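Accompanying notes for the structure given below.
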Amino acid sequence: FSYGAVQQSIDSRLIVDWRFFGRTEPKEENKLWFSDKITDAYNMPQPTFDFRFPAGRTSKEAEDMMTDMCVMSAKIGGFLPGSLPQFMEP
Amino acid sequence: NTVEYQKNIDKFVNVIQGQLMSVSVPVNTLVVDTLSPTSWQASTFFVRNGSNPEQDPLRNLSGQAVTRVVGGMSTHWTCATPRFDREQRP
Amino acid sequence: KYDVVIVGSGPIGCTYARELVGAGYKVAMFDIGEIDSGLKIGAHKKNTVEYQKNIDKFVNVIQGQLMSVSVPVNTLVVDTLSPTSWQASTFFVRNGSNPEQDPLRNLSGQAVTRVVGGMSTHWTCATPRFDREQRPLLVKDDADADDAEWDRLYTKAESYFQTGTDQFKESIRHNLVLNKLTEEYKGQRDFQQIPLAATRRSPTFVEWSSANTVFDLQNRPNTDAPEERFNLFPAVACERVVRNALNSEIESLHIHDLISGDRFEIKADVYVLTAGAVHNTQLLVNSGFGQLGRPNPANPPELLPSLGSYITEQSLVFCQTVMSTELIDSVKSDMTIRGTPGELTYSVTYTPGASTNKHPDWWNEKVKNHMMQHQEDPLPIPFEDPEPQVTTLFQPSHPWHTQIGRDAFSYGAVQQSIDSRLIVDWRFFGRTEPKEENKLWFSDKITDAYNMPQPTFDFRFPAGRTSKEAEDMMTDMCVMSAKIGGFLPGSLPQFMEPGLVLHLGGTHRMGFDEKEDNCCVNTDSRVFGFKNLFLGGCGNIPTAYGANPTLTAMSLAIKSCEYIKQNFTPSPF
Amino acid sequence: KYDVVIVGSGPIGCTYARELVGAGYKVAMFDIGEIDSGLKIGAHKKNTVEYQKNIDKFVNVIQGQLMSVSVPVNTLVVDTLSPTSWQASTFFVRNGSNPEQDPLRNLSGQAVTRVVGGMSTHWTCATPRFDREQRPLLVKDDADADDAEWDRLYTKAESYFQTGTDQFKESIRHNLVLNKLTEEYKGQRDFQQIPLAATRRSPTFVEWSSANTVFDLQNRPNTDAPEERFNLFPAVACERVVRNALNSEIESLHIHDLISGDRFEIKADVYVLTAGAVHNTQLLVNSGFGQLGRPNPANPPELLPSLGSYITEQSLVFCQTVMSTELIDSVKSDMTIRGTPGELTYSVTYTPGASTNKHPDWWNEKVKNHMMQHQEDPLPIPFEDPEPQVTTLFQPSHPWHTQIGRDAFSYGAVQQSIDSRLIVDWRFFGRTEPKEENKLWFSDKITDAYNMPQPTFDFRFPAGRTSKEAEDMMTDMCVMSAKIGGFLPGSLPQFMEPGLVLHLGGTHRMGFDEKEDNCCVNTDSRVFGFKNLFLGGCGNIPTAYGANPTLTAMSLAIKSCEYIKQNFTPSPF
Ligand SMILES: *Cc1cc2c(cc1C)Nc1c([nH]c(=O)[nH]c1=O)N2C[C@H](O)[C@H](O)[C@H](O)COP(=O)(O)OP(=O)(O)OC[C@H]1O[C@@H](n2cnc3c(N)ncnc32)[C@H](O)[C@@H]1O
Ligand SMILES: *Cc1cc2c(cc1C)Nc1c([nH]c(=O)[nH]c1=O)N2C[C@H](O)[C@H](O)[C@H](O)COP(=O)(O)OP(=O)(O)OC[C@H]1O[C@@H](n2cnc3c(N)ncnc32)[C@H](O)[C@@H]1O
Ligand SMILES: *Cc1cc2c(cc1C)Nc1c([nH]c(=O)[nH]c1=O)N2C[C@H](O)[C@H](O)[C@H](O)COP(=O)(O)OP(=O)(O)OC[C@H]1O[C@@H](n2cnc3c(N)ncnc32)[C@H](O)[C@@H]1O
Ligand SMILES: OC[C@H]1O[C@H](O)[C@H](F)[C@@H](O)[C@@H]1O
Ligand SMILES: OC[C@H]1O[C@H](O)[C@H](F)[C@@H](O)[C@@H]1O
């Protein structure tokens with residue numbers, strides 16, 4: 001599951017991917033709900049999210065996780081241009 | 001699991017992308033101001049292209065997607081199956 | 001106390017200075033920007049040896065002094081911030097954006113330049129005349145007298161700018177393109193060099209004209225001009241002209257000295273506003289002309305109800321092409337080649353004067369020398385060959401201006417993989433019908449960087465002829481460019497962002513009668529009702545035009561100066 | 001005939017002018033570029049009111065005067081040309097590219113600036129001292145005497161540049177970042193303002209220093225300096241110094257006047273080359289020092305065999321962050337808020353002097369006023385609050401320089417969707433071991449735009465410490481930046497193109513003994529063997545350094561001038 005154009009200029013044998021996954025506190029306010037008006041392609045109530053990563057531990061850990069990936073990946077090699085350290089779309 | 005995909009693994013991302021249908025796409029507000037004067041041109045950012053007017057673009061899981069095929073998302077998944085430790089587990 | 005005060009040191013303000021300082025008036029000029037071009041004040045920034053050796057870097061100077069007029073509130077979604085980062089709940093008013101602006105009815109590319117010399121320190125120097133179809137009338141009911149008057153004025157403007165049509169005549173690429181287009185449209189269209197405000201100094205250096213050419217902006221008296229009186233005051237923002245209670249005369253100009261921070265009033269006999277099509281309108285609105293704030297028809301303006309309405313901006317289409325194989329081969333049609341490049345025996349020859357040759361001897365000599373001296377190079381065009389500067393001017397059957405060549409104002413990353421000698425730019429400029437509904441107005445709440453009412457556009461290209469022509473113009477550029485070569489990937493045919501062209505007109509438009517012609521100044525560029533207030537620049541131009549407007553604006557300024565000299569007496573020295 | 005001739009009008013050349021014109025020498029200075037900064041000759045281009053109101057446009061001025069040193073032949077494949085377009089069969093030498101250059105062993109970002117004032121007309125003004133670890137010795141075997149000598153020199157250099165550490169002390173954002181980093185590294189690292197060659201004139205205007213600050217470049221004698229003798233000659237390319245047959249003395253400087261085209265010889269008692277780290281080396285090689293052409297060890301140079309070897313350039317890493325929610329909320333920690341924004345009842349208050357307040361009253365007043373006056377704005381930081389200017393200087397345990405704030409030299413499209421007040425830039429600069437194999441050399445075939453031998457690099461970051469530190473530096477920037485906020489998408493942590501940093505050293509390096517220390521100039525910056533030839537600039541610096549080098553180079557120039565004044569007598573006036 002590559003996230004951008006696959007590069008061809010650096011030998012694939014040298015390339016190592018890094019994915020770090022955080023945990024998220026369950027919060028009442030974070031919701032999946034369904035429209036009473038708008039429908040999806042199968043004529044069913046349209047899904048709608050109301051979501052943010054919780055403040056507090058979830059957010060603190062997510063940024064510490066980012067740092068940890070920078071620190072650990074550096075032991076193997078430097079970043080590949082075009083695949084620099086980033087949060088992925090929610 | 002085809003011989004062809006395991007000889008051309010960099011092409012498998014296309015199978016994944018081809019069966020991830022976005023759950024909730026907010027109304028688009030990108031400005032295109034280089035249309036030809038003769039082309040039909042919007043006065044507002046109206047509800048277009050199957051977008052969901054209920055969705056707040058700033059409180060979304062924009063990357064959430066669903067797969068409608070026999071086997072579900074297990075026809076494309078990475079196959080990683082760790083146990084949860086106590087801390088993560090109900 | 002001055003005889004005349006001029007707001008703005010661009011080429012139109014310098015027209016007024018040239019004429020009035022020369023006529024013995026005591027003149028002051030203010031500019032909100034600063035001296036920026038070297039010791040030649042207000043000169044073209046491209047006239048350095050370094051820029052003419054590195055012309056692809058000049059786009060940076062242009063971009064560095066185009067400050068966007070009206071930027072709508074941004075609504076781009078960034079959803080990959082870290083959870084710890086401060087995150088917006090709304091698309092609030094950020095980064096100096098203008099909340100009044102509808103992003104869909106903008107001239108997003110419109111920009112202004114605040115430097116001594118104005119936009120003439122970076123402009124392309126193209127100075128065509130308008131034909132009758134594009135030009136406001138200066139004489140009613142007498143087409144020959146109107147023609148003779150505009151000829152007189154344009155001739156004088158051409159002298160001030162040092163306009164010529166021959167500076168590129170020794171370019172191979174220029175004449176290659178020119179001749180092919182002449183042959184292809186034989187007896188349907190005429191091609192010539194773009195008329196250019198410039199003087200060639202050497203085969204590799206062109207002294208491009210500017211405001212400095214028109215008037216050198218040195219204070220006077222000085223040794224070269226001992227009986228003249230001129231003072232330039234840079235870093236001075238001019239904010240308002242004060243009207244008498246009769247609205248018959250301006251009594252002072254209120255200024256903000258940007259270096260001390262202090263505000264002052266300046267008295268003169270005559271006031272001239274040459275701050276540009278946007279900033280003249282801003283100053284006037286700030287002075288109680290027109291209407292401040294979002295247009296509201298239920299509240300008719302007291303003065304100049306047409307100010308800021310009927311605005312015009314040109315449609316612009318662009319592409320670049322890579323020269324055809326056939327055209328390249330034709331460059332070397334007169335050569336005989338023996339042997340193989342790089343060997344002792346290699347020989348490229350031609351017979352000078354030979355009646356079968358397609359090209360003149362000077363061309364043939366250049367090509368021969370290039371091929372013998374650079375036997376590793378695969379093209380016949382010399383490395384220092386100047387660019388094309390080609391036009392077919394606006395005509396009823398092709399009602400757009402055209403510039404075909406190499407322009408320093410590149411619109412994207414400059415490519416390096418295709419040889420620059422093969423590349424030809426195409427820019428076609430449409431005319432736009434003046435319509436009341438198309439407006440430049442100024443916020444009564446939001447202010448700009450100089451604490452003045454924030455400019456806001458309400459603009460669309462008119463339906464009907466304007467829109468039909470703009471799309472026909474696009475097609476015409478595709479059809480014509482194909483005669484020279486195919487499109488360069490990365491520069492495919494496209495409309496440019498509205499206003500990028502910077503040919504805005506009609507913001508303080510000219511005509512014979514304020515009411516009947518929906519206008520702000522008369523044909524002496526005098527503001528209706530006011531004895532001593534004159535406006536100069538493209539804002540005056542009331543017509544739909546496709547050609548570049550500056551020469552026309554200067555011609556009107558010349559005529560306005562004739563009026564001034566005939567009606568106001570200079571102080572004794 | 002002059003007493004002293006200086007090649008280059010950058011800040012190091014102006015150091016020589018300042019010292020020697022002041023000491024009563026008859027001085028000429030040549031610059032290949034032209035006067036470009038307004039009436040203050042050689043001044044900082046960012047000192048206009050317009051640029052300080054539109055700082056995001058200044059990157060264009062920088063880019064417009066960085067001309068790439070060595071561009072390898074391009075091999076990008078364009079396969080979507082029209083069949084009719086002329087099409088290459090090979091990747092031939094196009095567009096001024098350098099066929100000598102290995103694209104994989106380049107400093108592709110290295111660039112040069114040819115304007116009066118040199119790169120000081122655009123620079124950031126950061127002027128840190130080097131600590132012992134980064135600094136060449138000026139006194140052997142006596143660390144205290146070495147420290148005292150560098151202190152003396154740096155103190156004088158700081159006065160010439162008007163270096164200070166307090167210009168940003170009234171910025172909220174500055175102190176927010178500064179204080180958080182101090183707290184987070186409590187007793188492991190020290191933070192302070194970046195020392196900056198600048199003087200604040202108002203809360204919204206900073207007069208940034210430049211070559212003009214060091215010496216105003218006005219010709220002399222003049223009314224302010226009636227007994228001084230100085231002439232500046234712009235648009236003059238200096239091409240060679242002529243050696244006597246003994247290689248003990250320079251006899252003339254050969255120049256090319258770019259405006260007439262003519263060549264001349266200039267005689268002086270003393271010759272100083274301050275053309276920059278690249279162009280000093282070019283001129284010297286063109287003059288028979290070092291070795292012309294691709295290095296060939298089998299042909300040992302006659303003179304200065306170390307010239308062009310041991311070159312150093314810094315690794316540079318960069319990112320931007322978006323301020324944390326926690327830091328933003330902390331700005332308004334002392335406020336009590338009642339009511340809701342936008343209503344008649346809304347009230348933001350603090351108690352001045354209250355001992356429980358976290359911030360001084362001036363901060364609290366600013367925040368109170370912003371929140372009450374802009375109740376639609378969601379942030380507590382005032383709109384005109386200046387940027388951070390934060391550093392933790394190089395130390396053995398973190399051997400890189402750091403600049404944390406807002407830099408006018410943006411590296412990509414400037415984003416508009418995140419509020420600029422939230423954005424903080426991070427630049428970490430590594431030191432590079434000097435290695436014989438790392439070279440700047442000059443082609444014996446290919447020439448540049450001024451008809452001089454074409455510069456070519458052969459460079460890689462050394463294996464071992466340099467490379468280990470550069471990657472540790474990257475990590476350190478990730479770790480430290482995270483304390484302030486997460487990364488800005490579009491500006492994620494990255495190494496910058498080699499040489500973009502423009503901190504090139506060691507090209508004509510300094511030391512005590514030509515042979516033992518593999519060097520070109522001694523500690524008076526005198527070229528070994530030559531009584532009257534001196535070199536100034538970062539090319540002198542022989543050490544591995546991470547901090548910005550200009551202050552150090554100026555300090556060496558000061559010392560060189562002491563030598564000159566002690567050994568050459570000025571002509572009588
Ligand atoms: C797409 C993706 C998913 C996973 C990974 C990688 C990629 C790119 N990797 C991965 C996963 N999980 C792991 O534990 N480890 C890995 O390495 N991914 C997620 C995993 O793929 C899912 O968690 C898993 O399949 C969930 O299984 P499930 O609960 O059985 O759900 P599925 O979505 O797979 O299948 C549901 C199914 O029902 C259908 N459908 C949906 N609506 C209806 C209605 N209304 N009527 C009838 N049928 C319905 C779908 O069509 C679908 O087939
Ligand atoms: C930027 C641009 C412009 C032109 C071309 C190319 C580029 C990239 N090429 C071109 C042009 N026009 C042509 O006819 N042919 C060409 O090939 N371009 C437009 C041309 O450059 C303008 O039409 C022309 O300068 C207009 O002259 P002007 O009416 O004198 O106006 P300027 O904007 O040049 O100067 C006005 C001036 O006043 C100042 N200022 C603004 N506000 C104030 C206030 N409030 N107080 C005091 N001073 C004020 C500005 O700073 C400026 O210098
Ligand atoms: C461009 C850049 C540079 C610096 C920073 C930022 C940017 C984007 N920031 C910075 C710098 N250094 C610091 O210590 N701190 C900062 O925050 N930058 C580098 C600094 O700008 C340079 O180190 C400095 O000017 C070097 O001074 P110099 O040794 O005087 O050299 P210059 O290149 O400035 O001027 C040399 C000069 O000579 C001319 N020239 C070149 N060749 C010739 C020949 N053949 N004949 C005659 N004249 C010649 C140039 O035109 C130039 O003006
Ligand atoms: O960007 C559009 C521009 O293109 C050409 O350079 C024209 F000469 C000019 O008048 C115009 O402003
Ligand atoms: O682009 C790298 C630059 O970044 C900072 O602005 C530094 F001050 C400067 O010395 C350097 O040249």
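The chains in the structure tokens are called A, B, ... from first to last as shown; in each chain the residues are counted from 1, and the ligands are counted from 1 in the order shown.
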- Message: Residues within 6 Å of range 474-485 of chain C, please, as a VMD selection string. Count only C-alpha atoms; anything in the same chain fewer than 4 positions from it doesn't count.
- Response: (chain C and resid 321 to 324) or (chain D and resid 85)
Write a file of the selected residues as a compact mmCIF listing (two decimals), in the first residue's frame, keeping C-alpha atoms.
# COMPACT_ATOMS: atom_id res chain seq x y z
CA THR C 321 6.07 25.46 -28.72
CA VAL C 322 9.15 23.51 -29.75
CA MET C 323 10.34 24.50 -33.23
CA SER C 324 9.53 22.11 -36.03
CA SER D 85 8.84 19.20 -33.28
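In plain terms, chain C touches chain B through residues 75, 89, 104, 461, 467, 468, 470, 471, 495, 496 and 497 of chain C, where touching means an atom at most 7 Å away, counting only C-alpha atoms.
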Would you output that residue set with N, CA, C and O atoms, as an mmCIF file, in the first residue's frame?
data_model
loop_
_atom_site.group_PDB
_atom_site.id
_atom_site.type_symbol
_atom_site.label_atom_id
_atom_site.label_comp_id
_atom_site.auth_asym_id
_atom_site.auth_seq_id
_atom_site.Cartn_x
_atom_site.Cartn_y
_atom_site.Cartn_z
ATOM 1 N N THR C 75 -9.850 28.304 1.903
ATOM 2 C CA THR C 75 -10.675 27.200 2.466
ATOM 3 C C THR C 75 -10.024 25.851 2.152
ATOM 4 O O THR C 75 -10.709 24.838 2.125
ATOM 5 N N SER C 89 -11.133 25.551 13.766
ATOM 6 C CA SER C 89 -12.514 24.994 13.586
ATOM 7 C C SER C 89 -13.247 25.604 12.439
ATOM 8 O O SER C 89 -14.286 25.065 12.019
ATOM 9 N N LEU C 104 -15.033 33.664 -6.602
ATOM 10 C CA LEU C 104 -15.538 33.289 -7.929
ATOM 11 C C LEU C 104 -15.802 34.515 -8.823
ATOM 12 O O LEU C 104 -16.186 34.353 -9.979
ATOM 13 N N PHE C 461 -15.946 37.924 -17.038
ATOM 14 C CA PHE C 461 -15.884 38.274 -18.444
ATOM 15 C C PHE C 461 -17.343 38.301 -18.989
ATOM 16 O O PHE C 461 -18.130 37.311 -18.780
ATOM 17 N N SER C 467 -16.865 36.830 -24.455
ATOM 18 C CA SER C 467 -16.671 35.426 -24.175
ATOM 19 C C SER C 467 -16.472 34.612 -25.447
ATOM 20 O O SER C 467 -15.534 33.785 -25.540
ATOM 21 N N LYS C 468 -17.286 34.886 -26.462
ATOM 22 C CA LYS C 468 -17.119 34.275 -27.780
ATOM 23 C C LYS C 468 -15.727 34.540 -28.380
ATOM 24 O O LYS C 468 -15.023 33.619 -28.880
ATOM 25 N N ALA C 470 -12.957 35.342 -26.734
ATOM 26 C CA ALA C 470 -11.895 34.794 -25.881
ATOM 27 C C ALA C 470 -11.677 33.301 -26.269
ATOM 28 O O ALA C 470 -10.545 32.833 -26.429
ATOM 29 N N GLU C 471 -12.749 32.570 -26.521
ATOM 30 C CA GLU C 471 -12.622 31.201 -26.901
ATOM 31 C C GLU C 471 -12.157 31.048 -28.347
ATOM 32 O O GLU C 471 -11.279 30.180 -28.572
ATOM 33 N N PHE C 495 -5.895 29.387 -20.459
ATOM 34 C CA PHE C 495 -6.230 30.739 -20.030
ATOM 35 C C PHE C 495 -5.447 31.022 -18.798
ATOM 36 O O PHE C 495 -5.377 30.114 -17.873
ATOM 37 N N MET C 496 -4.973 32.263 -18.670
ATOM 38 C CA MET C 496 -4.207 32.654 -17.461
ATOM 39 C C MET C 496 -5.126 33.218 -16.417
ATOM 40 O O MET C 496 -6.217 33.706 -16.713
ATOM 41 N N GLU C 497 -4.677 33.215 -15.178
ATOM 42 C CA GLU C 497 -5.521 33.652 -14.050
ATOM 43 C C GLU C 497 -6.004 35.056 -14.326
ATOM 44 O O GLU C 497 -5.214 35.891 -14.836
#
- Message: Which residues are near residue 341 in chain C? Cut-off 8 Å, only C-alpha atoms, ignore same chain within fewer than 2 positions. Put them as an MDAnalysis selection string.
- Response: chainID C and resid 339 343 346 375:376
Could you turn the residues from that selection into a file that holds N, CA and C atoms, as a compact mmCIF listing (two decimals), in the first residue's frame?
# COMPACT_ATOMS: atom_id res chain seq x y z
N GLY C 339 32.05 15.66 -44.93
CA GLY C 339 32.77 15.03 -43.85
C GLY C 339 31.79 14.93 -42.71
N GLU C 343 35.55 15.62 -37.19
CA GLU C 343 36.75 15.16 -37.86
C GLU C 343 37.49 16.33 -38.51
N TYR C 346 35.92 17.86 -41.70
CA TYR C 346 34.58 18.42 -41.68
C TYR C 346 34.58 19.81 -42.24
N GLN C 375 31.13 21.88 -33.24
CA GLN C 375 30.79 20.71 -34.01
C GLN C 375 30.11 19.64 -33.15
N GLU C 376 30.06 19.81 -31.84
CA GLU C 376 29.30 18.93 -30.96
C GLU C 376 27.86 19.39 -30.83
- Residue neighbourhood residue 100 in chain C, 8 Å, only C-alpha atoms, exclusion window fewer than 4 positions, as a list in words: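 My reading of the contact set: residues 72, 443 and 456 of chain C.
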I need the chosen residues saved as a PDB file, in the first residue's frame, with N, CA, C and O atoms.
ATOM      1  N   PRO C  72      -8.958  36.250  -1.662  1.00  0.00           N
ATOM      2  CA  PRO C  72     -10.151  35.822  -0.872  1.00  0.00           C
ATOM      3  C   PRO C  72      -9.705  34.955   0.305  1.00  0.00           C
ATOM      4  O   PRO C  72      -8.607  34.443   0.313  1.00  0.00           O
ATOM      5  N   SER C 443     -13.548  48.531   0.545  1.00  0.00           N
ATOM      6  CA  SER C 443     -14.238  48.217   1.791  1.00  0.00           C
ATOM      7  C   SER C 443     -14.322  49.418   2.705  1.00  0.00           C
ATOM      8  O   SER C 443     -13.396  50.213   2.789  1.00  0.00           O
ATOM      9  N   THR C 456     -11.557  45.508  -3.659  1.00  0.00           N
ATOM     10  CA  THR C 456     -12.372  44.310  -3.850  1.00  0.00           C
ATOM     11  C   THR C 456     -12.896  44.359  -5.304  1.00  0.00           C
ATOM     12  O   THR C 456     -13.388  45.386  -5.759  1.00  0.00           O
TER      13      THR C 456
END
Could you list, with a cut-off of 9 Å and counting only C-alpha atoms and all ligand atoms, the residues of chain C near ligand 4, each shown with its nearest atom pair and the distance in Å rounded to one decimal, rows sorted by chain and ascending number, as CSV?
residue,atom,partner,partner_atom_place_in_ligand_line,distance
C:123,CA,ligand 4,9 (C),6.9
C:124,CA,ligand 4,8 (F),4.6
C:125,CA,ligand 4,8 (F),6.4
C:126,CA,ligand 4,8 (F),5.2
C:127,CA,ligand 4,8 (F),8.3
C:316,CA,ligand 4,2 (C),7.2
C:402,CA,ligand 4,5 (C),8.9
C:403,CA,ligand 4,5 (C),6.9
C:406,CA,ligand 4,6 (O),8.9
C:407,CA,ligand 4,6 (O),5.8
C:408,CA,ligand 4,6 (O),7.4
C:409,CA,ligand 4,6 (O),6.3
C:410,CA,ligand 4,1 (O),8.2
C:411,CA,ligand 4,1 (O),8.2
C:427,CA,ligand 4,4 (O),6.6
C:428,CA,ligand 4,4 (O),8.7
C:429,CA,ligand 4,2 (C),8.5
C:496,CA,ligand 4,1 (O),8.4
C:499,CA,ligand 4,1 (O),8.8
C:500,CA,ligand 4,1 (O),5.8
C:501,CA,ligand 4,2 (C),3.9
C:502,CA,ligand 4,12 (O),5.0
C:503,CA,ligand 4,12 (O),6.3
C:547,CA,ligand 4,10 (O),8.1
C:548,CA,ligand 4,10 (O),5.1
C:549,CA,ligand 4,10 (O),7.8
C:550,CA,ligand 4,10 (O),8.5
Export N, CA, C and O atoms of the chosen residues as a compact mmCIF listing (two decimals), in the first residue's frame?
# COMPACT_ATOMS: atom_id res chain seq x y z
N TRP C 123 8.43 45.87 -16.87
CA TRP C 123 7.55 45.58 -18.02
C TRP C 123 8.26 45.10 -19.28
O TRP C 123 9.49 45.16 -19.44
N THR C 124 7.48 44.55 -20.20
CA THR C 124 7.98 43.95 -21.39
C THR C 124 8.37 44.97 -22.47
O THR C 124 9.06 44.68 -23.42
N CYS C 125 7.88 46.18 -22.33
CA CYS C 125 8.22 47.25 -23.30
C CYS C 125 7.48 47.20 -24.61
O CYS C 125 7.76 47.99 -25.50
N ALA C 126 6.39 46.41 -24.67
CA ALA C 126 5.62 46.37 -25.89
C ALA C 126 4.67 47.59 -25.97
O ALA C 126 3.80 47.78 -25.08
N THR C 127 4.75 48.36 -27.10
CA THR C 127 4.02 49.62 -27.22
C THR C 127 3.37 49.74 -28.56
O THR C 127 3.77 50.60 -29.40
N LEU C 316 -6.34 36.44 -21.36
CA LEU C 316 -4.98 36.11 -21.82
C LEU C 316 -4.91 34.59 -21.97
O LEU C 316 -5.16 33.83 -21.03
N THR C 402 -1.36 39.84 -30.19
CA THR C 402 -0.53 38.68 -30.16
C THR C 402 0.95 39.06 -29.96
O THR C 402 1.38 40.10 -30.42
N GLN C 403 1.67 38.27 -29.15
CA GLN C 403 3.14 38.45 -28.92
C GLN C 403 3.70 37.02 -28.96
O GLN C 403 3.23 36.11 -28.25
N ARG C 406 10.02 35.25 -26.87
CA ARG C 406 10.48 34.89 -25.55
C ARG C 406 10.22 36.05 -24.60
O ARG C 406 10.44 37.19 -24.94
N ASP C 407 9.56 35.76 -23.49
CA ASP C 407 9.13 36.76 -22.55
C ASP C 407 9.82 36.42 -21.28
O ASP C 407 9.89 35.24 -20.90
N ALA C 408 10.38 37.40 -20.59
CA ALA C 408 10.95 37.11 -19.28
C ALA C 408 9.95 36.65 -18.18
O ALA C 408 10.40 36.14 -17.10
N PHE C 409 8.67 36.97 -18.35
CA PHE C 409 7.65 36.62 -17.37
C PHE C 409 7.17 35.18 -17.57
O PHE C 409 6.12 34.95 -18.15
N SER C 410 7.94 34.22 -17.10
CA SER C 410 7.58 32.85 -17.22
C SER C 410 6.54 32.54 -16.13
O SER C 410 6.51 33.17 -15.05
N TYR C 411 5.64 31.63 -16.47
CA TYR C 411 4.51 31.28 -15.57
C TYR C 411 4.67 29.97 -14.84
O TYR C 411 3.87 29.65 -13.97
N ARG C 427 1.37 34.45 -26.65
CA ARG C 427 0.43 35.16 -25.76
C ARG C 427 -0.55 35.91 -26.64
O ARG C 427 -0.14 36.67 -27.50
N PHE C 428 -1.86 35.64 -26.48
CA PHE C 428 -2.92 36.26 -27.21
C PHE C 428 -3.82 36.96 -26.18
O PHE C 428 -4.05 36.42 -25.10
N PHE C 429 -4.15 38.20 -26.48
CA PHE C 429 -4.83 39.12 -25.55
C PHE C 429 -6.14 39.55 -26.10
O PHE C 429 -6.17 40.19 -27.14
N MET C 496 -4.97 32.26 -18.67
CA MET C 496 -4.21 32.65 -17.46
C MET C 496 -5.13 33.22 -16.42
O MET C 496 -6.22 33.71 -16.71
N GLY C 499 -6.63 38.71 -14.61
CA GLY C 499 -5.86 39.81 -14.11
C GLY C 499 -4.38 39.69 -14.08
O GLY C 499 -3.70 40.70 -13.86
N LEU C 500 -3.85 38.48 -14.22
CA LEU C 500 -2.42 38.33 -14.28
C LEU C 500 -1.80 39.20 -15.31
O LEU C 500 -0.64 39.67 -15.16
N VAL C 501 -2.53 39.40 -16.41
CA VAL C 501 -2.12 40.21 -17.54
C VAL C 501 -1.82 41.66 -17.21
O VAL C 501 -0.99 42.31 -17.90
N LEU C 502 -2.48 42.19 -16.18
CA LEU C 502 -2.20 43.54 -15.68
C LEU C 502 -2.44 44.64 -16.73
O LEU C 502 -1.63 45.56 -16.87
N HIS C 503 -3.56 44.52 -17.45
CA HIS C 503 -3.99 45.43 -18.44
C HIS C 503 -5.33 46.09 -18.09
O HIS C 503 -6.11 46.49 -18.99
N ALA C 547 -4.72 45.23 -27.31
CA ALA C 547 -3.32 45.63 -27.37
C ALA C 547 -2.82 46.15 -26.00
O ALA C 547 -3.59 46.50 -25.14
N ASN C 548 -1.53 46.20 -25.79
CA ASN C 548 -1.00 46.66 -24.50
C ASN C 548 -1.32 48.19 -24.31
O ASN C 548 -1.07 48.97 -25.23
N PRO C 549 -1.82 48.59 -23.11
CA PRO C 549 -2.44 49.94 -23.04
C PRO C 549 -1.55 51.13 -22.73
O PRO C 549 -2.02 52.26 -22.89
N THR C 550 -0.29 50.90 -22.35
CA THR C 550 0.51 52.03 -21.78
C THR C 550 0.75 53.20 -22.74
O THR C 550 0.66 54.39 -22.33
- Message: What's the separation between CA of residue 85 in chain A and atom 10 (C, counted along the ligand's line) of ligand 1, in Å to one decimal place?
- Response: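 If I compute the distance from CA of residue 85 in chain A to atom 10 (C, counted along the ligand's line) of ligand 1, I get 20.9 Å.
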- Can I get the residues close to ligand 2 as a count of residues only, where close means within 7 Å and we count only C-alpha atoms and all ligand atoms? 48
- Message: If the limit is 9 Å from any atom of ligand 1, counting only C-alpha atoms and all ligand atoms, which residues qualify? Return them as a PyMOL selection string.
- Response: (chain A and resi 1+42+44) or (chain B and resi 13+16-17+19-20+65-82)
- Could the residues of chain A within 10 Å of chain D, counting only C-alpha atoms, be given as a ChimeraX atom specification, please? /A:55,62-64,66-75,77-87
- Counting only C-alpha atoms, which residues from chain C have an atom at most 7 Å from any atom of chain D, and could you show them as a VMD selection string? chain C and resid 33 to 39 48 50 53 57 to 58 60 to 61 63 to 64 74 to 76 80 to 82 84 to 86 94 to 95 322 to 325 416 to 417 419 to 420 449 485 to 489
